[PDB]
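# Generate coordinates for the sequence data below:
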Amino acid sequence: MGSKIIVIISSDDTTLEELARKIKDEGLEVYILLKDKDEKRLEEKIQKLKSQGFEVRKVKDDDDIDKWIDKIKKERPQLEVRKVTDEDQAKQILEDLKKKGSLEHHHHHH
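Numbering: from 1, shown residues only. Below you will find the coordinate block:
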């Protein structure tokens, strides 16, 4: 219980967005922000995950990702909008949802 959404930023590898299925399984929604080297292979990936049931949006980079999340918070002041740029963070949110709240901080550095 507790309306929350996670935003997972896919970065070449697929482990980030497969974990997204396990996150939304806990009874919340996910949004994927796709970033790839080639915007054509990027665009197909968006459609692959939207077929699986992941609302994927095309962004520039982490600057625009930060603004994108700020936008979603302003539309939807009912829920947490979490940034997951690394796979480590996709495994952190696994524990986040079992705790049904948070660990320490609503942001990341490494």
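
# bridging residues for residue 58?
Listed by DSSP bridges, the beta-bridge partners for residue 58 are residue 34.

# Could I get the full set of helices for this protein?
15-24, 39-52, 62-75, 87-98 (DSSP state H).

# Show me what the shortest one is packed against.
This means helix 15-24. Other helices and strands packing on helix 15-24, by 3 or more C-beta pairs under 8 Å, 6 or more residues apart in numbering; DSSP states H and E, are strand 5-11, strand 29-35, helix 87-98. C-beta: built from backbone N, CA, C; applies to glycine.

# Neighbouring strands of the first one in the sheet, and parallel or not?
The strands that strand 5-11 pairs with in its sheet are strand 29-35 (parallel), strand 81-84 (parallel) (by DSSP bridges).

# Can you convert the helices of the chain into CSV and add a column each for mean neighbour count?
Listed next are the helices of the chain as CSV, based on neighbours: other C-beta atoms under 10 Å:
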stretch, mean neighbour count
helix 15-24, 18
helix 39-52, 13
helix 62-75, 13
helix 87-98, 16
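
# pretty sure residue 79 contacts residue 5?
Yes. At 5.3 Å, residue 79 and residue 5 qualify as touching, with contact defined as C-beta atoms under 8 Å.

# Look at these two and report which has more neighbours.
Between residue 79 and residue 5, counted using other C-beta atoms under 10 Å, the more crowded position is residue 5 (20 against 15).

# Quick check: chain neighbours aside, which residue is closest to that one?
The shortest distance from residue 5 to any non-neighbouring residue, by C-beta to C-beta, 6 or more residues apart in numbering, is to residue 29 (4.7 Å).
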